[PDB]
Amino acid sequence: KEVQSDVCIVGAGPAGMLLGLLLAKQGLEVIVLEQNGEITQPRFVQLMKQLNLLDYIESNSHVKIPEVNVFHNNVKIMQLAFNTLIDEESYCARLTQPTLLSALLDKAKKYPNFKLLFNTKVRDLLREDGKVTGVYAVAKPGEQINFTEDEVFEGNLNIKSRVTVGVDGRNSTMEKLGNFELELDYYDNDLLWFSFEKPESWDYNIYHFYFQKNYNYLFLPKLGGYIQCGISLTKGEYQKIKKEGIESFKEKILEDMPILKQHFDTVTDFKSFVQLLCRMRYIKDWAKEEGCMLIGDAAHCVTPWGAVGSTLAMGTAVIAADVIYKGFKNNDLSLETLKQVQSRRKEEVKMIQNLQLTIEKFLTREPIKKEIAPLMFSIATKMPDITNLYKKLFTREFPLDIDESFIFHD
């Protein structure tokens, strides 16, 4: 087959869904290819009001989290209310990606200009003329999209689409295909997830972090009146942890957090946990060719602290959407103009990563630094200039300068 949809978007993640909808509202016939966190930041609310999409997003079900609290040995040592960072709307929210992804498509399917092909593993299809034409995708039945007529193409397809963007995600095959380079690749700690019944004593819209004797815990609201917890461990510590047996692991967890005694009286194995790798990649040059460019997690994946991940990629997509809409508005979509995305996001993307690196330094479990890290954190948050850090970690100082046409008027 041969599809000529002017632009192809590899990956149907939250960054891509925003790239297509902001380009389908422009007119460019885009084709999205998909092979198949829950907490948002005040940066997310700023972006949605910027495009006047907040009410549309806020219409769905979501739980607003008003503040972060950090404890040490079951005593509070830090408290920040997000409403106190910027004068505009500012808060964290429990908004699952399926909820946000479908709401973004519900307003995107109404525009036949876009097209998304679900359950389609995609290989590469470059161009011989010193550029990239598109990709080659081995499909699989099941999709609606906007170019099917109930027929589409349930097999091999060639989509020659001029400029090809890579938003596959953290586990991206597009990193290698484009012959890119990872300037920074970070991974030191894991998060061991598990849910439990929220006790009558606790609240629900919670962003709680605990520095306890044996492990450090992260608590978030889980959709359904439950609380999802994440224990922070060193890279490789989980394997050693399973060897010592569930009885010792439970005895240590209940020693730190005695309120989880009821929940772990039923836990008898390690099959209830979920290990997640807190990696953090960075690509040296996001646009190294003509018609080829990397954005999103494929370029600037980050650690989960601060809820920066989901909303940081989206912000880069919006700037790319302004370069792409302005790139066809001046007929300059070459390498020199496509690389302007990274030249505009370098400031915010790097400052966030370094700050994430500094935050990660508190998760150390080496024998002497471990005992003083909570005490250090309490001192750190008590500095005069801590509020600048909170503003830099959670909010944007100025809105993204884009074409006024990107605002959704009603």
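Counting begins at 1, following the sequence as shown.
Where coordinates are absent for parts of the deposited sequence, a chain break appears; between neighbours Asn36 and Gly37 it spans 4 to 9 residues.
Of the two segments, 154-162 and 224-232, the one listed with the higher mean B-factor is 154-162 (C-alpha atoms only). When the C-alpha B-factors of 80-88 and 169-177 are averaged, 169-177 comes out higher.
Within the selection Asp185, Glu251, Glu200, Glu290, the deposited Cα B-factor values reach their highest point at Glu290. Of the residues listed, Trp193, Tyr282, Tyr136, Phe209, the entry assigns the biggest Cα temperature factor to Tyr136. Ranked against the other modelled residues of its chain, the C-alpha B-factor of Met257 as given in the entry falls in the lowest third.
Among the modelled residues of its chain, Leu400 has a C-alpha B-factor that falls in the middle third according to the deposited record. When the modelled residues of the chain are ordered by C-alpha B-factor, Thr99 sits in the middle third. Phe219: CA B factor lies in the lowest third for its chain, per the PDB record.
Sort the chain's modelled residues by C-alpha temperature factor and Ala307 lands in the lowest third, per the entry.
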